[PDB]
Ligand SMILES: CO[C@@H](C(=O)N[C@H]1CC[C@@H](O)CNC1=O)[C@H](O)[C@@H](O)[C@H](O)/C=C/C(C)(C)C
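Single chain ahead, written as structure tokens, the form deposited without the ligand.
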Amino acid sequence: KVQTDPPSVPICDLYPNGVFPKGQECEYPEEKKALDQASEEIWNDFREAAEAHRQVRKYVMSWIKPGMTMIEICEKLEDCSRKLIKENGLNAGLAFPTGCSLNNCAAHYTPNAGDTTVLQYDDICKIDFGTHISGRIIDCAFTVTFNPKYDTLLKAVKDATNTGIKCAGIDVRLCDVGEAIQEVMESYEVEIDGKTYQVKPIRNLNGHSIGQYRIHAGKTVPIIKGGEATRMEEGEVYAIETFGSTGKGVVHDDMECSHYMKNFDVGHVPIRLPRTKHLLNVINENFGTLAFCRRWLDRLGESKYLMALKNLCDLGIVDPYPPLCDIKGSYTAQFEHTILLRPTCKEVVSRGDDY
């Protein structure tokens, strides 16, 4: 068909032949064309997930408004994402929980059950959500504001993310990408409520390579100078993300934890404790090595699971990822895209007409 008003038609039904739209293709800063075409089914899975991400976020920008609760915003977004990705166990679905981190919090907040937080006119909210097909993950994120006082801070971070995307390429050193991002970000000065700031990158947050069912595959993309001279390689996939702040430019763990994920390297572990065994089975069936949140356990009918969840964290089977925040009173912004380092070109697979 054509897509519906509030979106409800799965991306795979909009593109009947199984061939999905490319993202932005870029020259990097024969045999390789054969090598590129050999992985076409993989690129196509990323593109299906990226078109779902494009259509979901456009819909979100149409209705997100102060006065909504954070739970209402997350549930309305995730409902649409499940429909457009055509959720099907671990073959298609949500790759990680909807981040909606506010103000000084830069990442890894999503509400748990009972959270009464309401979105305000002066809030700066980072919407970070992920889709996948067959474990091929799109990690892409943007910042929502309603007061025009944050416009230059948003522009700084968007320009820095685009600079990291342009610098990236096969054989490029990851430390060079960081230096480049920081140079652009720090070229911006902003004025918010009568105080001026030079925008600083959050130095202990980073982009990351992506692997199959593995949001963090092991290499990190720094956003300040001073990092490793490890090179980017042909065939790798990266989330190029940057964060800018008016605070210290450093985040710490804060608030209640909502995001959790099985450690990718831990094998099978026999458990006899009944509630802990049941919860690990629930995680293995529904999430595998993809991240989840407490709201997603509640939705599956689980209750009284918090001690079993703590047990799995203390065993090192699951890791907790608490919200990461700069100092009180500071403002943080984020923009992110997923890029594929194909043999013939760099594709910014999650690029849209919006950002």
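Don't overthink the numbering: it's just position in the shown sequence, from 1.
Form solved in complex with the ligand: not shown, discussed below.
- Taking the partner from elsewhere, no residue among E236, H337 and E347 has a non-hydrogen atom within 4.5 angstroms of the ligand in the bound PDB entry.
- Of the candidate stretches 85-93, 164-172, 190-198, 107-115, only 107-115 contains residues with a heavy atom within 4.5 Å of the ligand in the bound PDB entry.
- Although the partner is absent here, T230 is not a contact residue: none of its heavy atoms lies within 4.5 angstroms of the ligand in the bound PDB entry.
- In the bound PDB entry, the ligand sits within 4.5 Å of a heavy atom of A291.
- Under a 4.5 angstroms non-hydrogen atom cutoff, the ligand in the bound PDB entry lacks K262 among its neighbouring residues.
- Contact check for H208: a heavy atom falls within 4.5 Å of the ligand in the bound PDB entry.
- With the partner omitted from this view, the residue of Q212, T152, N147, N204 that lies near the ligand in the bound PDB entry is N204 [heavy atom within 4.5 Å].
- Out of the listed residues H216, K248, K225, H278, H216 is the one that sits within 4.5 Å of the ligand in the bound PDB entry by at least one heavy atom.
- For the partner-free chain shown, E241, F243 of 234-251 come within 4.5 angstroms of the ligand in the bound PDB entry, judged by any non-hydrogen atom.
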